[PDB]
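Structure in structure tokens, see below.
Lettered A, B, C, D, E, F, G, H and I in written order, each chain numbered from 1.
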Amino acid sequence: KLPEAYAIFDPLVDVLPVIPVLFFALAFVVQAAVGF
Amino acid sequence: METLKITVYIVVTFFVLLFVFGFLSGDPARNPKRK
Amino acid sequence: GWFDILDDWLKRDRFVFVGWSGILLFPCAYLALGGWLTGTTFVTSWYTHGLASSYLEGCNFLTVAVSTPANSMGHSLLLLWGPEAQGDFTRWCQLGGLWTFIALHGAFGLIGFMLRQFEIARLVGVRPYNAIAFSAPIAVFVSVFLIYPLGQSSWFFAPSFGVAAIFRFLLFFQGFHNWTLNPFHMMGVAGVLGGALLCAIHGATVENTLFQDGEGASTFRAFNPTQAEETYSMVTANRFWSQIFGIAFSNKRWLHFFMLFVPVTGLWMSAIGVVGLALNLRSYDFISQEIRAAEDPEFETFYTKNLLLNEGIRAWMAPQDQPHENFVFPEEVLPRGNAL
Amino acid sequence: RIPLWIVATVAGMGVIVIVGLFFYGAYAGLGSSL
Amino acid sequence: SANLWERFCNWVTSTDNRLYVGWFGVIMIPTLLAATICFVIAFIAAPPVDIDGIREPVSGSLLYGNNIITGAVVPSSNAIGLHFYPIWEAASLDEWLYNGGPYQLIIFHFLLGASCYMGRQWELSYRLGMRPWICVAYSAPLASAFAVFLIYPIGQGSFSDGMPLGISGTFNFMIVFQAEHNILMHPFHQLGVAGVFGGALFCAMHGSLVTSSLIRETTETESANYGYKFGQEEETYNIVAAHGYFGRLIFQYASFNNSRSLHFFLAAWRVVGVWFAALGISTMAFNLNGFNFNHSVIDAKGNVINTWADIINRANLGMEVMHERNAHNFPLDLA
Amino acid sequence: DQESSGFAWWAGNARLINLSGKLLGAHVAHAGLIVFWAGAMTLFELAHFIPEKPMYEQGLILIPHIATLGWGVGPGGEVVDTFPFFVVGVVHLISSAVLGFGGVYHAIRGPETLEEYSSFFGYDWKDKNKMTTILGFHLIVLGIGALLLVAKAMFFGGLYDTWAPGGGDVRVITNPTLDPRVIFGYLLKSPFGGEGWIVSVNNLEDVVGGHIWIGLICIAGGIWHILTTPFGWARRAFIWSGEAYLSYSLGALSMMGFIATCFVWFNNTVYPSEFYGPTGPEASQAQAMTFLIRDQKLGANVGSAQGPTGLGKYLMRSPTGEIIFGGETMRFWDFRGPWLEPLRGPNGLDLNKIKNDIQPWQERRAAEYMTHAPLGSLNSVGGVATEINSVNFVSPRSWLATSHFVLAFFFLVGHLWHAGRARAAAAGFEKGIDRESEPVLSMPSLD
Amino acid sequence: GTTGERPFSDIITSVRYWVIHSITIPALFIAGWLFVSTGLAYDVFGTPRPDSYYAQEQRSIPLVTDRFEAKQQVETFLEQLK
Amino acid sequence: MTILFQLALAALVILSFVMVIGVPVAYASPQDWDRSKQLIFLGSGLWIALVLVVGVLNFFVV
Amino acid sequence: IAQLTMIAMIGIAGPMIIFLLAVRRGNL
């Protein structure tokens, strides 16, 4: 149901929102690279 | 019954005021010392 | 002294200490934790409870388990070479074999492990209060996995290794046993609650008593490990409760031995009551009540309310729960409120 | 010598990714509702 | 010189008095007492109460239900649901009685007051230099009780389904729950057990080990619990002497080295999940119930292959049907 | 260079004393993140909403909001064009850029101090006015939005009104309610069952005509905090720590999540049942309503139909002496809505209107809200706790109620957290007590 | 105090590890996955193919009747479904 | 112009997946903070545009 | 068929923005 011309894109947008969880989840990747 | 109502409210009030008015003056200092 | 040669190796401070206990503790404590997982993910109980166990069947983590054997079995320990499977892993697998298994190995693992405390604390040199504290648990397991079954009908009716599996066990008891009304269990509760209350009253009673004997704004660097003496002033904290909740401690020596009692204690309580359920010898009715209820359609107490639940959580259950006693339950017969 | 950090991120995906297959197989698996 | 109020305000905050009467206390005590003495009496002689709407009073009590496990303080009646039933409404105290009136008055009190204890549980955390987060470990407590006295009610229609105060009423209240919300099939209720079933497991340890490691101060002449005269800044028990054991039980790195990172963990386990539970109930008071796997697992043709949790369904459907019999005239319980 | 000088790790975050442009671009960081979800998930719903199928049978909560204003409305509530939805969705994902982009700026290359460099965009927590100033400012920024609606209901496309004359249909509010009492009244009373603090909003003007009263209040507030330094009493109390400020403005939200979770759980208007779900109570009434109807048709007399409890099979009196559905549904007699009101009278339900005025449509609406009730399962399975696996919807109203609570809850314990420790900074207990002068060691020990 | 501790606290970073283990992990993963993908699993524990629970028809459940000859039952109860 | 469109945003697609990776390093890496800081305004010009390109472009769908 | 590719890409993106930042060294 993504306006026609953008159908080619639902494939991605479908995984769009699930970013935010990743962000606190990221602030962790770094911290280990810095050994806390 | 109704007569009791107010008696009850008054009390409630009399206190909160004691709670609020009370917690106000002489508080952020209410401890052993400020360092 | 070859005896000391073996000994010698054994109890040698490896990374994860082995020990004499190790020859009992470790194996059983393996095929058990193991066996569970093995059947949890591969074996079906469909021939004992006609229900799905393993993850293979489609079952969910929660809905999985190594279901006790069919009651048709009894208490026969279903040996692999037991006349039951006659010696045949595949079948012995189907006849539930893993149960007596998991249970018994875990039995000896729990033994081997309590001995796993007595060993260490005796080498390292300390009061046997850890291992002693393990009584609480050997009881609980022993009461609810061997004695219970044994004094009842089959190995069947015993708990079944899984989540939803034991969750059942629970409702089961609330139903035909009305466990929740037992003096004992109402103490187990006492233990498992307070013990937790303590575990925290004291826990955070600590984190908020100690001193500034480190620099930063974090307590992790704070003195230790065993050097300077005491982090929390048991006096400054004392007057905190003796003025809030009225009464506080004194002597961390007991506060550390009353923390042991509470749970290990109450937990043992229930374990007794539970033996009582073996012989169905439970706390279900309050005579003084049923009699005063009988002749008076106008007397209702929660007790009665609860009591009606049971019939419900029983009539509907039992049949599809106790397959071996071919329950035949007409639609009428089945009790149930008005409109529901 | 592999960065002790990357040892922890590549793996923390192993569970993070496998449990993701797990969580899918619950929407079409043998243990589906269909 | 300070006038008379400036005194009052010192008396109430005086770090001296036998039991601190902190400001919060000024609303805690008056409240707490109201409740208690009320409850304490209506637990004795409690006229027949009629919880559920239907006029069929179910009064467990003593001067009626002559027992301790039986009796309890019965809830409010659907009739006047989530509605505030102020004793001064009942055109007759006898009316305020039929309709569970005593319940509320007590509950709202013990509720708000406990909130007051919650607060005045930190008033010393400040009035006496020390870390404030003691009162915070009391969050897990309060909240919960709140979840089982206020949340569920607001959630559903009226207080009528709000943890009746009395031994057996608990159970009723509980069993109902388990039958309307698969609350035993919750990854939340898990977390109450998870921790509670932990604190019990851990209280046994720190209590264990600690006692398991005590110097040597009497030699069974009298007891060993004297190895500590109160106040001493020493630590009757040996830390590393202690860890040496648990580190030796389960491989090292697994046993606690730092003592402060220990004791904390003890509020960590309980409070963390006891909160969750508190949320769980508070969550379902809006109907986001435990897992539903009824039938889930299927067959090829389509036969229904039973999930353990399917059984759980009957022991549920069972209680489901019988609960509040003759109190609803339709087929769906939406509360 | 931190962790040694900075206090802890997990708590590593929080560095900031007088100023810091890093935490600056950190709130201007995260606060961008939020904008991202706004647009991210939006584009995730329009990318789903079936042509026409109950806006709630699909996991939609963002869309259901955008709707209430009147974007894609439809006489009845049926989406008319899946376009307005998209407009915001992207205007956000794109918006996530600006509010995001420079977020990562002040955060790594941004100038630390706000004093060395700039001097107006540099604060200091102990600075009483700087703080008291910025306040009214963002206050002003709220008084602005606080007026969009005013202008969204009065000018750019009124709100969707589920209380319209013929049925749900986005009308445009022209008579906002500007009667200081009725509007200032709501908050001023009604706490429990009778009605709700503010959860009880009959008409959509009491809201628009009210949001107006607020868009001013907070606005005339900037012109006050901006324009003014603390008064004379509040100096005392209200400890002025940086951390504390976190709590001060924190435990507010906790109160809001609650006063929030409630709105979705109960409110019929600002939360149209047509976009979200059927409010719990609305569900229970749907039940009786249905079987009252199913039955009257079979030839029964609800008017006189005697209950089994002996109370009233379909109807009974209320403590107010009014008529209300019976059985258990009595628990929800206070509930109101457009599909029942007309089938209502001067003393509660009207035996007349209830016998024939029972117009056809209501029976079905009254049905939908029965089948679809605010009850479900974690793993989304609609139906009472023990229903087979088939329908799988879980109400939005159920989802927003739960969610927020968990959050607004924790927050309350989060406000305790800081507001209690920050009371130890301006006191110095924060870090424990002093191994030599423990304040209880110099007190006449009660015994 | 005393610790006969072996490497560990680093052996994951071990250069040879993530090598002779970039072969052992997946070689173990699929090893089992086959124990599954084959259908062996079943035949191992006897677990039923989702088609072999109830015979194509009859609606009973192969509940183990007796105790001493259990297997035999299972035997005929197995061939059953056909 | 249905065609040329798809690429107008499929342009602002790979631009920003790149902007996400770039911008950061430019404020953290010593590898010249100024050459990267300037190439920074590169995509931030296409960004502003490329979307605006999909801008008035978006109206010409089917 | 499966954008399982996109999610993993977006994934590997930022956890390896740090890699490059650590292999190029850059005050993280």
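One rule holds for everything that comes next: a contact is a pair of C-beta atoms (placed from the backbone, for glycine too) under 8 Å apart; a residue touches a chain by one contact, two chains touch by 3 or more.
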Starting at chain D, fewest touch steps before arriving at chain H = 2
What is the identifier of the chain with the smallest separation between its Cα mean and the overall Cα mean?
-> E
Looking only at C-beta pairs in contact, point me to the busier pair out of D-I and C-G.
-> C-G
Taking each chain's mean CA coordinate, chain H and chain I are separated, in whole Å, by 18
Cα centroid separation, chain A vs chain B, in Å, comes to 51
Between chain C and chain D, tell me the centre distance in angstrom, where each centre is the average of that chain's C-alpha atoms.
-> 31
How far is the middle of chain A from the middle of chain G, if each middle is the mean of its Cα atoms, in Å?
-> 36
In chain H, which residues are in touch with two or more of the other chains?
-> 24, 28
If you look at chain C, which of its residues touch at least two other chains?
-> 13, 15, 46, 50, 56-60, 63, 209-210, 219-220, 233, 235-236, 238-239, 242-243, 338-339
Touching two or more other chains in chain F are residues 308, 327, 379, 389, 427-430, 432-434, 438-440, 443, 446
Show which residues of chain F lie in contact with chain A when the two form their complex.
-> 3, 9, 12, 33, 36-37, 40-41, 43-44, 46-51, 82-83, 86, 93
What residues on chain H touch chain F, complex-wise?
-> 16, 23-24, 26-28, 33, 44, 47, 51
In the complex, chain B touches chain E at residues 1-2, 4-5, 8, 11, 15-16, 18-19, 22-23, 25-26, 30-33
Touch list for chain A against partner chain D, complex | 29, 32-33, 35
Can you list the residues on chain F that touch chain H in the complex?
-> 94, 97, 101, 104-105, 107-109
